[PDB]
Amino acid sequence: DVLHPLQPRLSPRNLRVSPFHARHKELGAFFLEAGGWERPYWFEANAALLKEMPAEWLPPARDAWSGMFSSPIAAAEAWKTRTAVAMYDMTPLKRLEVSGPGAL
Amino acid sequence: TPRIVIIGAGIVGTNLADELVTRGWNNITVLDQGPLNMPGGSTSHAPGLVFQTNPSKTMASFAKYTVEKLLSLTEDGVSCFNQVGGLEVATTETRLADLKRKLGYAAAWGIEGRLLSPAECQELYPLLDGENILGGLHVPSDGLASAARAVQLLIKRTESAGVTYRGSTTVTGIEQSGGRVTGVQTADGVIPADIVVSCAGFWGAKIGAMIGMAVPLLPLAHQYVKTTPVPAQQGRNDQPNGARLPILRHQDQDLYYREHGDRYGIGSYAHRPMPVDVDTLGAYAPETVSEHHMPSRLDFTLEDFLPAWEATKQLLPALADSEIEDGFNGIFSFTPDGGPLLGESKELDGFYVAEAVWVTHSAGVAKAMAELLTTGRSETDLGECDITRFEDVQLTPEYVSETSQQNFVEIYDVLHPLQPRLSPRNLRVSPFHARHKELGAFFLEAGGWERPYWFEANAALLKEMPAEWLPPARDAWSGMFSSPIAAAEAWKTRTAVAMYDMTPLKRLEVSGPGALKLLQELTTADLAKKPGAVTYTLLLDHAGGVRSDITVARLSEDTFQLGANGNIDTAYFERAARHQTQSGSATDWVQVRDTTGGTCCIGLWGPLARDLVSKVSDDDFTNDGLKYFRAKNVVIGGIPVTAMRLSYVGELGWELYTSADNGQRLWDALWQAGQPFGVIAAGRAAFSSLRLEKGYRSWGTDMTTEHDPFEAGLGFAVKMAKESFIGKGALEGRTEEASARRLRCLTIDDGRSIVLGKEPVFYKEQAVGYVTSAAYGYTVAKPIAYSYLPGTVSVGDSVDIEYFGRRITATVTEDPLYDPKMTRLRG
Amino acid sequence: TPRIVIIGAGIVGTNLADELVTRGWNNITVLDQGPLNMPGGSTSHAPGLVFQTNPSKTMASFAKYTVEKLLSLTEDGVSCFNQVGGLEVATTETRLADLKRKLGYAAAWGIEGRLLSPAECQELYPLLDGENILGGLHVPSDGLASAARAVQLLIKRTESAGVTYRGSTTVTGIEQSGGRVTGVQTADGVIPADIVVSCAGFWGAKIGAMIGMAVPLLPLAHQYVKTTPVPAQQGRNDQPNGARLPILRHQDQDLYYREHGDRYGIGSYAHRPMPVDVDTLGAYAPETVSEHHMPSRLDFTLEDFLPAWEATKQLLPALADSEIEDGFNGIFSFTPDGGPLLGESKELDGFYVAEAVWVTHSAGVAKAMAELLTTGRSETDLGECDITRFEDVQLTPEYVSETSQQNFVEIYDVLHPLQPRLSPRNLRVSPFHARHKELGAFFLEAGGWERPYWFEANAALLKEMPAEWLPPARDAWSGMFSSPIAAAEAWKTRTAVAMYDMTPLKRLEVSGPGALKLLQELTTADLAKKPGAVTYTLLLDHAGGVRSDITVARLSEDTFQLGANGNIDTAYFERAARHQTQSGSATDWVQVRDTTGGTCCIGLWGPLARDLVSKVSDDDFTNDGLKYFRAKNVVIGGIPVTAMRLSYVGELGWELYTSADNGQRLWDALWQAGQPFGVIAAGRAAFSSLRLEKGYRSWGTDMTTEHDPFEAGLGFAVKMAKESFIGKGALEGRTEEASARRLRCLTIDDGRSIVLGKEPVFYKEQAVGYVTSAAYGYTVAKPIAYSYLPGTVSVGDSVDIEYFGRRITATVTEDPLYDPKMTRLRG
Ligand SMILES: *Cc1cc2c(cc1C)nc1c(=O)[nH]c(=O)nc-1n2C[C@H](O)[C@H](O)[C@H](O)COP(=O)(O)OP(=O)(O)OC[C@H]1O[C@@H](n2cnc3c(N)ncnc32)[C@H](O)[C@@H]1O
Ligand SMILES: *Cc1cc2c(cc1C)nc1c(=O)[nH]c(=O)nc-1n2C[C@H](O)[C@H](O)[C@H](O)COP(=O)(O)OP(=O)(O)OC[C@H]1O[C@@H](n2cnc3c(N)ncnc32)[C@H](O)[C@@H]1O
Ligand code: NA
Ligand code: NA
């Protein structure tokens, strides 16, 4: 099959979620998955910001292929990270603890 | 004939006066606050590019008529149309593909055009830098309107026929009595009128406030610039405003161009939206109005034009050897959906609008409005143009401002037919909204309502779905706003049981001792039956065209519930009810209420529907308890419900109606009862596919006022034996078998090439139709498309449908495609 | 006088015939399917215990009248009441406390009673095993009714006065024309009638179905047993049914007792609910009806009685030396709220019900119904008895069965006034329900609606709340269904801004050319003002009693929105509207619709309300934009809203109304706008407290039809200058200052002893009133209670309120307690 590089499976999904999952769903997260973890790629709540976003932040139209699994909402999220304050879910990033007198 | 006052002597008002005169109505006064020699609205600044090809059949037809009429409007051997042709160029692959779709519209609506290669574009338009040009769409019949000259020639010939023009005359109010217009107020007194038509351009909302009418347009400014003389153009054109090259669109950069002698004109939408408050413009003394000084022209803002100027030099390098000479920010109108605003006001009988109209469509709008006024109907479908199409949340100043600014931003963008706005959203939701979100609904919006198209919860079913139900891969365009989940939802509707949210479908209650009388005249059904009957019926106009299809349920002697198509229907019934009440006896009064927002409806459909409902109700839902096309009151999960036995999707079950406060309980009761039967929530994508498999006609797409019932295959819904109903006389003698054009079901032979709507349909290489409704049919496992075809094309014949320039073979197929013997519905 | 047919010759129907005759109406036919000497309904098996004390003032008054009337009904020197007194014993501390509350009801309603110690109980009732007895409540005037003998004596004296009795006559249908009753159908023809009253006991729902009326009673069976001769009782009483000891209640074990000569009778509710299908009983040939063979008696099920028999031997050990002799499972009626069903049907003019009535209240119900029929009103408040009190979800067979069975299970339980059912719940929810659950709403229910009483989200505010707002600890009883969170919600309403859900408050739309005319006659206001006015007004009866208080908003010439008290109001307006339409001209027609379930309302109140709304609306909400007690249409968050400026809680702000589909958006828009102002959601506990601080009267509690406007302190709402309105004539000359009894505000001096309602109020040691509305006042920092008091008691006087047997000192206080100068509401 012809498949986009970001194409998700539709099943099995929701195997691993962070503690913020219910809050993310309240905010309209668009989830893709990697390593079993559900990861928001943008939040539909932020679409409401696009109408106040300064014109310099608005990207041009995308073609169909680069537009797959993409949203203009991401521009607003970048805008607010650069100018205000943002909360990213970093839970899925691999975390190891190395301990003991031999760790160093 | 009636005394008419037209407000506005722009291109719309003067064409309307002309179209009325030609139809023998000449008791007309046209008013304008500006001087008659140069009124000073948008018509007085438009450069006049006319591109006819449009996705809307109606707008394309308006443009074709405008070109024809302007070519005919002449004095001293010079017409008001310079037919240079039109060229749209593509600088991206996305745009190149969209030009192939537009070539399809051209063929569908009867406009001649051709796709051009980069080399052919360069031959046609030598000033192009061909490096970035990927191809073009050439329409030889497009060209340049002389709008200001047309206004002057229309004024001259209508004045000769008896029309009165009064310039320098400002309308300050509207006089009324008894709910009907009687006059127009000015500083100097009242001008009497039986009919008033507001043709006031971007002042349309200011006029509407004079009668308490919401007119959903927003005045916005748009930049237009002229260059100094361009060296490459020296000696080529007639001075000072000659043109020889086709008008030029560069939609990837939001620009358009025309020649003005040896100078260029540049129109740009590539700037911030620029809303204008009409109350700040100032009154212009008519003696001061001139080319560069008029209400419609605001000061140029060069800073907004710099990017457009750079993009212009890239496309047309010869212009880099010229300079900007003059620019202005010109005011015109935008609306929430980009459509114009036509028709009779809800608030005042005899008061009409014809506003938010480009020069391009002006003569077509005027013709349609002249037809409406003089005969009671337009010869062209106005469903996308009627002012009454809007829902109440769509008429607020905030909605009109936000959505019309977005329409400006997107004016030249490539957009899919299902593309949603991202804001404003969540205006109207059904009582099931929280449950829908629990199930991962994918929502799109229409009329302000959030509507699930499928549910992510159902993705878990795909791995157990039988292979016969799995559709092939979709291409990128038909794959937009689509999911394979819809196949699973269709599968479970056909084999188990499903819950559809029917809440957004327009619901009217018609009540009172005059309700039966009203509906007996307006519809094509004999509704005088003991309560409990549900009847599918049509509303016609006096020419027999189909205004709407409606389902009528008689709930009691004096109460009927109607399933309708939208707010055009609401306004039609409201006025008809008021007129019957006003002119009738104590037994003729009737009220109409739009109850949609206060109620809700679940379509509970599938072969296990009786098994499910039996767990939560003691009412009799067997065939003896409730027959097909009947209604009765029941209790489900403790909630009083009106159950109607019918199904758009063609399965066992019922539409279940209740008040909004009870909806969540009804939902939850049915949901719990359905667990052992594998109940699912099912969305609009599956709904549309299953309903098309049943051959349902969608008003506005599969039939309009341009079609009679017999052409549409809806003859069964017309009871010709009735003594009286609107349209009966026009329909005498007509049959389905004798109809010159007939609505036909097509299936796509390759099983995979999905079409979407508006694609042209060819029979033996000639364009003879276009796609109305379309969907992938999950039960028949192939794409489906409907089209009108000449009556001589038969079931079993082959036709081609053009999709993005490729011809797809399809077969005329008998419908319904699924269960034509209704075995799933009976017993 | 009118021709009356009464269906049923039980204790109700025969007392009704008697009460009509005494009022000079004797054109009455009474029908019964059973033989007149022993009809065979529940009256033919009742043992006749009459305990007068009840939490309901109306039911207590009905019982007092029954005792008086039965003592008066005599032949051969033997009356129909044996006044042995009544004793309720307590075996738990919970029950002992509840007897102190019941002693309070006794004092409130004018019944003499005393609390007895264990020793005194033993002196009064020597057969008690005193070990487990903790105390008793003794009411000397209670006793034993001879219900079957009363029926026979009533038949005799009404027959003499002209009443016709027809036994062995089964009603099979009801004849009607023009929406009014005309007759009663039997196998032998139609008996003509202007008025029909269904007194058919547990067959009431079967009769109601004959006219399409839902009668919300459930037939249920209840065990009653007689013992063999009890050795300890040998020689003590007259044989065979004599009694000397008080009737005995043992509510902790769901049992009651009486003597029958030397045998005991035992009634038990300590068994599974036993619903009965009346259609299975079989028709009894009248010649076969006898003491042990009649429709109302089903076969005894000993297995259900064994636990009751064991509990009986424990309480009364002498009975262990007897045996069970005979038992039966006797059928009677239960209803969803334990109240009877009285009044005129919604479905049929002139058709009345008087059903689900204990022998205990029978003569009082009959008197009230005789008053209703002969004068148009009852002299006793029927708000808790009227058949029209029920909401539509409360009339389904499923609701009536579940809730009436729960009422049987709980019949003798100690229950708090706010105790909710655990099922059925979530029948009706507002559009804000999901948001409320996000905020941790604590829901209670009324009329089927889920209503937040407080929000757990607000617990986080308690740690920043100023100390003056923190209330003292509550005792266990007043602490039930209460939270300290309510103080925080009151604090923020008074100092910031709060959003109350007003959706459940009854909302009626009255429309049509006759709407103004109807309301001008029914209300005490002059409503003929240009649209936009909001008026608080009263509905009176013809005696000037207060049927309801209503807020009327005139939204247009022919449309009014009413805020009402419940479905008694709905049915009252529906019938008045139909009668005006039927008898009126083409300009008199009027429709009434209950729009509550299709709409919603947010009360946006607090000093920051203008700051909040200004962020989400461009409409003018200043004093010049919208004055106090005015309404206008606005847009908030993109949603069309009807804003009304008034506040139950006494702060700046508005009631904001919209359609249900728009409610969640309106909520979310206001919520987001309110974040910088510290907006909270606020629930019913705070609402009730703040509204009582404003002196608002709650219909049904603070005033009923027993009170005129002047007694209630509502004189300001009566426009005596009006030409005409129902009740005007009765009110001529009356004033607040001359009223013999006046509604007064009391505050509890100790700042901590909260009372709840119905507690008796004493002035110089005499019972002179009782608590109507009550709440802790968070702004005044003390408990508040209202009561009627003799006119000679003044502001500043001291009264005592008895709560669980303890006297609490309170002061008559001027009201409103908060902001009587309305500074918070004006400007
Ligand atoms: C501004 C603009 C518009 C434009 C364009 C470029 C610019 C910068 N380029 C176009 C193009 O190339 N092709 C095309 O098809 N259209 C183009 N347009 C849009 C076009 O100009 C307008 O859509 C069209 O001209 C609108 O015509 P209409 O006849 O509807 O409106 P109008 O010319 O503005 O006339 C309205 C008249 O009403 C009078 N009026 C208003 N209020 C009153 C009162 N109260 N009393 C009396 N008279 C009143 C005005 O004076 C005006 O003359
Ligand atoms: C069953 C029971 C009831 C009871 C009780 C103990 C038992 C086991 N103990 C009580 C107690 O000690 N104190 C008290 O106050 N009440 C007690 N009760 C309840 C009491 O018996 C009933 O609530 C009361 O008797 C009801 O009286 P009412 O007059 O309302 O009803 P009825 O006696 O059942 O009479 C109805 C008559 O209607 C006739 N009917 C019905 N349908 C028709 C038709 N279609 N046509 C003609 N006549 C009809 C019936 O025949 C009946 O006689
Ligand atoms: Na754009
Ligand atoms: Na019990």
# chains A, B, ... in the order shown; residues from 1 in each chain; ligands from 1

$ interface_residues --of "chain B" --to "chain A" --cutoff "8 Å" --atoms "only C-alpha atoms" --output "PyMOL selection string"
chain B and resi 93-94+272+422-424+459-460+476-477

$ residues_near_ligand --ligand "ligand 4" --cutoff "10 Å" --atoms "only C-alpha atoms and all ligand atoms" --output "ChimeraX atom specification"
/C:251-255,268-273,406-413

$ write_last_selection --atoms "N, CA, C and O atoms" --output "PDB file, in the first residue's frame"
ATOM      1  N   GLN C 251     -43.188   1.308  64.688  1.00  0.00           N
ATOM      2  CA  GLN C 251     -42.661   1.660  63.349  1.00  0.00           C
ATOM      3  C   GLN C 251     -41.268   1.117  63.056  1.00  0.00           C
ATOM      4  O   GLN C 251     -40.959   0.879  61.885  1.00  0.00           O
ATOM      5  N   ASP C 252     -40.455   0.919  64.092  1.00  0.00           N
ATOM      6  CA  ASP C 252     -39.130   0.291  63.840  1.00  0.00           C
ATOM      7  C   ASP C 252     -39.229  -1.119  63.207  1.00  0.00           C
ATOM      8  O   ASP C 252     -38.238  -1.600  62.602  1.00  0.00           O
ATOM      9  N   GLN C 253     -40.382  -1.788  63.355  1.00  0.00           N
ATOM     10  CA  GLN C 253     -40.578  -3.109  62.744  1.00  0.00           C
ATOM     11  C   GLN C 253     -41.704  -3.122  61.741  1.00  0.00           C
ATOM     12  O   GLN C 253     -42.115  -4.186  61.312  1.00  0.00           O
ATOM     13  N   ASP C 254     -42.135  -1.936  61.311  1.00  0.00           N
ATOM     14  CA  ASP C 254     -43.153  -1.810  60.245  1.00  0.00           C
ATOM     15  C   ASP C 254     -44.489  -2.481  60.638  1.00  0.00           C
ATOM     16  O   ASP C 254     -45.146  -3.044  59.776  1.00  0.00           O
ATOM     17  N   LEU C 255     -44.862  -2.364  61.902  1.00  0.00           N
ATOM     18  CA  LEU C 255     -46.073  -3.040  62.415  1.00  0.00           C
ATOM     19  C   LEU C 255     -47.021  -2.099  63.108  1.00  0.00           C
ATOM     20  O   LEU C 255     -46.600  -1.076  63.676  1.00  0.00           O
ATOM     21  N   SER C 268     -48.995  -5.434  58.943  1.00  0.00           N
ATOM     22  CA  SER C 268     -47.561  -5.468  58.646  1.00  0.00           C
ATOM     23  C   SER C 268     -47.281  -4.855  57.288  1.00  0.00           C
ATOM     24  O   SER C 268     -47.827  -5.325  56.273  1.00  0.00           O
ATOM     25  N   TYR C 269     -46.337  -3.899  57.284  1.00  0.00           N
ATOM     26  CA  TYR C 269     -45.712  -3.450  56.030  1.00  0.00           C
ATOM     27  C   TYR C 269     -44.299  -4.064  55.896  1.00  0.00           C
ATOM     28  O   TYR C 269     -43.498  -3.624  55.065  1.00  0.00           O
ATOM     29  N   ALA C 270     -44.002  -5.064  56.730  1.00  0.00           N
ATOM     30  CA  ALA C 270     -42.644  -5.627  56.815  1.00  0.00           C
ATOM     31  C   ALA C 270     -42.597  -6.863  55.906  1.00  0.00           C
ATOM     32  O   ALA C 270     -42.395  -8.045  56.354  1.00  0.00           O
ATOM     33  N   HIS C 271     -42.894  -6.636  54.655  1.00  0.00           N
ATOM     34  CA  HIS C 271     -42.848  -7.653  53.630  1.00  0.00           C
ATOM     35  C   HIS C 271     -42.480  -7.002  52.308  1.00  0.00           C
ATOM     36  O   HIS C 271     -42.567  -5.771  52.175  1.00  0.00           O
ATOM     37  N   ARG C 272     -42.067  -7.828  51.345  1.00  0.00           N
ATOM     38  CA  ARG C 272     -41.786  -7.371  49.969  1.00  0.00           C
ATOM     39  C   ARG C 272     -42.975  -6.578  49.423  1.00  0.00           C
ATOM     40  O   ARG C 272     -44.129  -6.943  49.670  1.00  0.00           O
ATOM     41  N   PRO C 273     -42.739  -5.547  48.613  1.00  0.00           N
ATOM     42  CA  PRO C 273     -43.853  -4.920  47.908  1.00  0.00           C
ATOM     43  C   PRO C 273     -44.568  -5.962  47.043  1.00  0.00           C
ATOM     44  O   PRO C 273     -43.901  -6.837  46.447  1.00  0.00           O
ATOM     45  N   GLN C 406     -41.262   1.833  46.291  1.00  0.00           N
ATOM     46  CA  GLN C 406     -40.326   2.405  47.256  1.00  0.00           C
ATOM     47  C   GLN C 406     -41.061   3.151  48.406  1.00  0.00           C
ATOM     48  O   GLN C 406     -40.666   3.038  49.546  1.00  0.00           O
ATOM     49  N   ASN C 407     -42.170   3.831  48.092  1.00  0.00           N
ATOM     50  CA  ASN C 407     -42.976   4.530  49.106  1.00  0.00           C
ATOM     51  C   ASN C 407     -43.553   3.495  50.100  1.00  0.00           C
ATOM     52  O   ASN C 407     -43.561   3.744  51.301  1.00  0.00           O
ATOM     53  N   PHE C 408     -43.970   2.330  49.606  1.00  0.00           N
ATOM     54  CA  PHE C 408     -44.432   1.230  50.481  1.00  0.00           C
ATOM     55  C   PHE C 408     -43.309   0.744  51.363  1.00  0.00           C
ATOM     56  O   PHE C 408     -43.475   0.650  52.608  1.00  0.00           O
ATOM     57  N   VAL C 409     -42.151   0.473  50.760  1.00  0.00           N
ATOM     58  CA  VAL C 409     -40.993   0.009  51.554  1.00  0.00           C
ATOM     59  C   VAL C 409     -40.622   1.008  52.669  1.00  0.00           C
ATOM     60  O   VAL C 409     -40.246   0.625  53.793  1.00  0.00           O
ATOM     61  N   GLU C 410     -40.751   2.286  52.372  1.00  0.00           N
ATOM     62  CA  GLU C 410     -40.322   3.334  53.308  1.00  0.00           C
ATOM     63  C   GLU C 410     -41.430   3.904  54.172  1.00  0.00           C
ATOM     64  O   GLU C 410     -41.216   4.892  54.896  1.00  0.00           O
ATOM     65  N   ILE C 411     -42.619   3.300  54.117  1.00  0.00           N
ATOM     66  CA  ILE C 411     -43.812   3.968  54.670  1.00  0.00           C
ATOM     67  C   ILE C 411     -43.665   4.400  56.135  1.00  0.00           C
ATOM     68  O   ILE C 411     -44.161   5.443  56.546  1.00  0.00           O
ATOM     69  N   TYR C 412     -42.984   3.573  56.934  1.00  0.00           N
ATOM     70  CA  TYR C 412     -42.839   3.857  58.351  1.00  0.00           C
ATOM     71  C   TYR C 412     -41.391   4.240  58.730  1.00  0.00           C
ATOM     72  O   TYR C 412     -41.025   4.225  59.901  1.00  0.00           O
ATOM     73  N   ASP C 413     -40.548   4.549  57.750  1.00  0.00           N
ATOM     74  CA  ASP C 413     -39.137   4.883  58.020  1.00  0.00           C
ATOM     75  C   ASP C 413     -38.947   6.323  58.489  1.00  0.00           C
ATOM     76  O   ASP C 413     -39.707   7.215  58.089  1.00  0.00           O
TER      77      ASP C 413
END

$ interface_residues --of "chain B" --to "chain C" --cutoff "10 Å" --atoms "only C-alpha atoms" --output "VMD selection string"
chain B and resid 392 to 399 424 to 431 433 to 435 448 to 449 503 to 504 511 to 512 581 to 582 584 to 589 591 595 to 600 617 to 618 634 to 640 658 to 666 668

$ residues_near_ligand --ligand "ligand 1" --cutoff "7 Å" --atoms "only C-alpha atoms and all ligand atoms" --output "PyMOL selection string"
chain B and resi 7-13+31-34+39-50+169-172+199-203+207+221-224+267+296+329-333+355-361

$ residues_around --residues "residue C:647" --least-positions-apart "2" --cutoff "10 Å" --atoms "only C-alpha atoms" --output "list in words"
residues 603, 604, 605, 606, 628, 629, 644, 645, 649, 650, 651, 652, 653, 654, 655, 691, 694 and 825 of chain C

$ write_last_selection --atoms "N, CA, C and O atoms" --output "mmCIF file, in the first residue's frame"
data_model
loop_
_atom_site.group_PDB
_atom_site.id
_atom_site.type_symbol
_atom_site.label_atom_id
_atom_site.label_comp_id
_atom_site.auth_asym_id
_atom_site.auth_seq_id
_atom_site.Cartn_x
_atom_site.Cartn_y
_atom_site.Cartn_z
ATOM 1 N N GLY C 603 -28.497 32.003 35.911
ATOM 2 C CA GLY C 603 -28.581 33.220 36.741
ATOM 3 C C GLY C 603 -27.160 33.685 36.961
ATOM 4 O O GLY C 603 -26.387 32.979 37.611
ATOM 5 N N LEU C 604 -26.779 34.810 36.340
ATOM 6 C CA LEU C 604 -25.397 35.334 36.425
ATOM 7 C C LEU C 604 -25.464 36.511 37.416
ATOM 8 O O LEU C 604 -25.948 37.605 37.063
ATOM 9 N N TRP C 605 -24.993 36.289 38.647
ATOM 10 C CA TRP C 605 -25.254 37.235 39.756
ATOM 11 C C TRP C 605 -24.002 37.513 40.564
ATOM 12 O O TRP C 605 -23.200 36.625 40.841
ATOM 13 N N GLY C 606 -23.836 38.766 40.951
ATOM 14 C CA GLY C 606 -22.740 39.154 41.837
ATOM 15 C C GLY C 606 -22.227 40.523 41.395
ATOM 16 O O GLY C 606 -22.490 40.962 40.266
ATOM 17 N N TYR C 628 -33.665 47.751 35.654
ATOM 18 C CA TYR C 628 -34.152 46.746 36.555
ATOM 19 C C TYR C 628 -35.557 46.324 36.137
ATOM 20 O O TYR C 628 -36.417 47.175 35.771
ATOM 21 N N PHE C 629 -35.793 45.007 36.147
ATOM 22 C CA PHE C 629 -37.079 44.446 35.795
ATOM 23 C C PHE C 629 -37.476 44.691 34.343
ATOM 24 O O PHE C 629 -38.671 44.899 34.012
ATOM 25 N N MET C 644 -32.873 38.997 31.311
ATOM 26 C CA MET C 644 -33.848 39.666 32.184
ATOM 27 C C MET C 644 -33.112 40.156 33.394
ATOM 28 O O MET C 644 -32.428 39.379 34.083
ATOM 29 N N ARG C 645 -33.271 41.445 33.731
ATOM 30 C CA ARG C 645 -32.549 41.966 34.906
ATOM 31 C C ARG C 645 -33.365 41.844 36.200
ATOM 32 O O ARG C 645 -34.313 42.621 36.488
ATOM 33 N N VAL C 649 -31.186 36.252 44.365
ATOM 34 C CA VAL C 649 -30.183 36.253 45.446
ATOM 35 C C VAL C 649 -29.815 37.700 45.901
ATOM 36 O O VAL C 649 -29.067 37.889 46.889
ATOM 37 N N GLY C 650 -30.362 38.700 45.196
ATOM 38 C CA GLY C 650 -30.204 40.081 45.607
ATOM 39 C C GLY C 650 -28.935 40.781 45.170
ATOM 40 O O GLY C 650 -28.476 41.705 45.856
ATOM 41 N N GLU C 651 -28.358 40.361 44.037
ATOM 42 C CA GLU C 651 -27.147 41.002 43.524
ATOM 43 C C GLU C 651 -27.336 41.500 42.099
ATOM 44 O O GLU C 651 -28.318 41.128 41.414
ATOM 45 N N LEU C 652 -26.383 42.333 41.666
ATOM 46 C CA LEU C 652 -26.298 42.730 40.251
ATOM 47 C C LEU C 652 -26.325 41.484 39.339
ATOM 48 O O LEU C 652 -25.805 40.438 39.711
ATOM 49 N N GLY C 653 -26.973 41.616 38.191
ATOM 50 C CA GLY C 653 -26.910 40.588 37.148
ATOM 51 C C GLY C 653 -28.258 40.240 36.548
ATOM 52 O O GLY C 653 -29.240 40.990 36.681
ATOM 53 N N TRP C 654 -28.303 39.104 35.853
ATOM 54 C CA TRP C 654 -29.420 38.808 34.958
ATOM 55 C C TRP C 654 -29.687 37.313 34.915
ATOM 56 O O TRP C 654 -28.774 36.508 35.146
ATOM 57 N N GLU C 655 -30.943 36.973 34.596
ATOM 58 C CA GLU C 655 -31.311 35.631 34.150
ATOM 59 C C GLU C 655 -31.088 35.622 32.652
ATOM 60 O O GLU C 655 -31.556 36.529 31.910
ATOM 61 N N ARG C 691 -31.580 33.860 48.855
ATOM 62 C CA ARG C 691 -32.938 34.276 48.510
ATOM 63 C C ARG C 691 -33.758 34.511 49.770
ATOM 64 O O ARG C 691 -34.572 35.439 49.814
ATOM 65 N N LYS C 694 -33.179 37.796 51.199
ATOM 66 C CA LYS C 694 -33.906 38.819 50.485
ATOM 67 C C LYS C 694 -35.407 38.830 50.792
ATOM 68 O O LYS C 694 -36.157 39.641 50.252
ATOM 69 N N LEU C 825 -28.843 46.225 43.841
ATOM 70 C CA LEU C 825 -29.646 45.900 42.670
ATOM 71 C C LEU C 825 -29.798 47.052 41.682
ATOM 72 O O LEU C 825 -29.973 46.801 40.486
#

$ atom_distance --atom1 "atom CA of residue B:580" --atom2 "atom CA of residue C:516"
22.2 Å

$ residues_around --residues "residue C:481" --least-positions-apart "5" --cutoff "9 Å" --atoms "only C-alpha atoms" --output "mmCIF file with N, CA, C and O atoms, in the first residue's frame"
data_model
loop_
_atom_site.group_PDB
_atom_site.id
_atom_site.type_symbol
_atom_site.label_atom_id
_atom_site.label_comp_id
_atom_site.auth_asym_id
_atom_site.auth_seq_id
_atom_site.Cartn_x
_atom_site.Cartn_y
_atom_site.Cartn_z
ATOM 1 N N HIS C 416 -35.138 12.153 56.389
ATOM 2 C CA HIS C 416 -34.888 13.614 56.364
ATOM 3 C C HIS C 416 -35.661 14.260 55.225
ATOM 4 O O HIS C 416 -35.911 13.633 54.193
ATOM 5 N N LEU C 418 -34.817 16.310 52.987
ATOM 6 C CA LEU C 418 -34.096 16.379 51.719
ATOM 7 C C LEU C 418 -33.660 15.022 51.162
ATOM 8 O O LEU C 418 -33.016 14.977 50.108
ATOM 9 N N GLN C 419 -34.028 13.928 51.842
ATOM 10 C CA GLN C 419 -33.606 12.590 51.390
ATOM 11 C C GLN C 419 -33.990 12.316 49.934
ATOM 12 O O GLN C 419 -35.210 12.304 49.608
ATOM 13 N N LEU C 444 -29.271 16.726 43.870
ATOM 14 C CA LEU C 444 -30.532 16.191 44.381
ATOM 15 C C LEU C 444 -31.562 16.378 43.289
ATOM 16 O O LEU C 444 -31.272 17.024 42.274
ATOM 17 N N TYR C 453 -26.700 21.021 44.413
ATOM 18 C CA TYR C 453 -26.945 21.728 45.685
ATOM 19 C C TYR C 453 -25.678 22.492 46.125
ATOM 20 O O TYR C 453 -25.754 23.494 46.874
#

$ select_by_dssp --residues "stretch 536-595 of chain B" --states "strand (DSSP E or B)" --output "NGL selection string"
:B and (536-540 or 546-556 or 559-563 or 591-594)
